[PDB]
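K.L.:
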Amino acid sequence: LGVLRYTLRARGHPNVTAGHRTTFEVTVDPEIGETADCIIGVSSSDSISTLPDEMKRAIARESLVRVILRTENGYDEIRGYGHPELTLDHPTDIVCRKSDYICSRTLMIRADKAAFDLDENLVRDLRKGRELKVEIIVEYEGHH
């Protein structure tokens with residue numbers, strides 16, 4: 021087993037509600053609409069496509086993916102799984118899902134938490150447009 025870590029940055033937005041029941045998302049886009057209830061971070065310093073190639077290779081295989090979200094007064098941890106069919110090539114977004122549905126934005130499937138489940142302190146900071154630190158931890162088998 022190997023373990024890889026990576027941290028990216030983003031910020032909250034006044035329109036963040038984090039009410040989505042099956043996913044949560046971070047985007048490089050700077051603005052979000054009033055109906056984007058799955059977005060918890062904007063102006064991300066990374067899209068799923070810009071993550072390190074070594075990490076993208078580790079995630080896309082038969084692997085565990087964990088995300089830790091942090092703001093000055095908020096914190097939460099989400100645990101999910103990778104999958105051999107994840108392409109991690111969307112140019113602007115990073116999405117974590119509770120289902121096993123896969124698209125180019127998907128970083129994790131069968132997650133234990135969606136936006137809906139996130140820490141209230143975290144959402145409060147995000148709604149104030151505060152900085153968000155996103156850490157991705159992948160534990161995987163070297164040969165696949």
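Taking the entry's author numbering, I'd label the letters of the sequence shown as residues 21 to 82, 84 to 165. Ideal Cβ placement from N, Cα and C applies to all residues, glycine included.
Could you compute how far the alpha carbon of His165 sits from the alpha carbon of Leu24?
P.N.:
One-based indexing of the sequence shown puts residue 165 at position 144. One-based indexing of the sequence shown puts residue 24 at position 4. Cα to Cα, the separation comes out at about 16 Å.
K.L.:
Classify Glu51: buried if its beta carbon has 16 or more other beta carbons within 10 angstroms, exposed otherwise.
P.N.:
As a working mapping, residue 51 is identified with position 31 in the sequence shown. So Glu51 ends up on the exposed side.
K.L.:
Looking only at its chain, what residues have a beta carbon closer than 8 Å to the beta carbon of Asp110, apart from the 5 residues adjacent to it on each side?
P.N.:
Locating residue 110 in the sequence shown gives position 89, counting from the first residue. Excluding positions up to five away in sequence, the list reads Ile68, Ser69, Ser125.
K.L.:
Taking the alpha-carbon of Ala56 as reference, which of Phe137, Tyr122, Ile89, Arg91 has the nearest alpha-carbon?
P.N.:
If you number the sequence shown from 1, residue 56 lands on position 36. Among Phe137, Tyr122, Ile89, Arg91, the Cα nearest to that of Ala56 is on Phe137.
K.L.:
Secondary structure at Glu93, three-state DSSP: helix, strand or coil?
P.N.:
In the sequence shown, the residue the question calls residue 93 occupies position 72. DSSP places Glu93 in coil when its eight states are reduced to three.
K.L.:
Let me know if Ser65 comes out buried or exposed under the rule of 16 or more other beta-carbons within 10 Å of its beta-carbon.
P.N.:
On the sequence shown, position 45 is the one that residue 65 refers to. By the neighbour-count rule (16 or more Cβ atoms within 10 Å), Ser65 is not buried but exposed.
K.L.:
Could you check if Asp97 is buried or exposed, using at least 16 other CB atoms within 10 Å of its CB as the buried criterion?
P.N.:
On the sequence shown, position 76 is the one that residue 97 refers to. The residue is buried, with at least 16 neighbouring Cβ atoms inside 10 Å.
K.L.:
Who are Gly22's beta bridge partners in DSSP?
P.N.:
Position 2 of the sequence shown, counted from the first residue, corresponds to residue 22. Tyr161, per the DSSP bridge assignment.
K.L.:
Measuring straight from C-alpha to C-alpha, what distance separates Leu153 and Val36?
P.N.:
For the purposes of this step, residue 153 is taken as the residue at position 132 of the sequence shown. For the purposes of this step, residue 36 is taken as the residue at position 16 of the sequence shown. So the alpha carbons of these two residues sit roughly 12 Å apart.
K.L.:
Return the Cβ separation of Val88 and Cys117 in integer angstroms, given the expectation that the two are a contact with Cβ distance under 8 Å.
P.N.:
Here residue 88 refers to the residue found at position 67 when the sequence shown is read from its first residue. Here residue 117 refers to the residue found at position 96 when the sequence shown is read from its first residue. Yes, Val88 and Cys117 are in contact; Cβ-Cβ is about 6 Å, under 8 Å.
K.L.:
Taking only runs that begin and end inside the segment 27-59, name each unbroken beta strand (DSSP E) of 3 or more residues, in chain order.
P.N.:
Those beta strand (DSSP E) runs which fall completely within the segment 27-59 and span 3+ residues are 43-47.
K.L.:
Span of the beta strand (DSSP E) holding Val116?
P.N.:
For the purposes of this step, residue 116 is taken as the residue at position 95 of the sequence shown. From DSSP, the beta strand (DSSP E) with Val116 extends over 114-118.
K.L.:
So if DSSP puts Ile130 in a beta bridge, which residue, or which two residues, is it bridged to?
P.N.:
Mapped onto the sequence shown, residue 130 falls at position 109. BP columns for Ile130 point to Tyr102.
K.L.:
Applying the criterion that 16 or more other CB atoms from any shown protein chain within 10 Å of the CB defines a buried residue, is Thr27 buried or exposed?
P.N.:
Mapped onto the sequence shown, residue 27 falls at position 7. Classification for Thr27: exposed.
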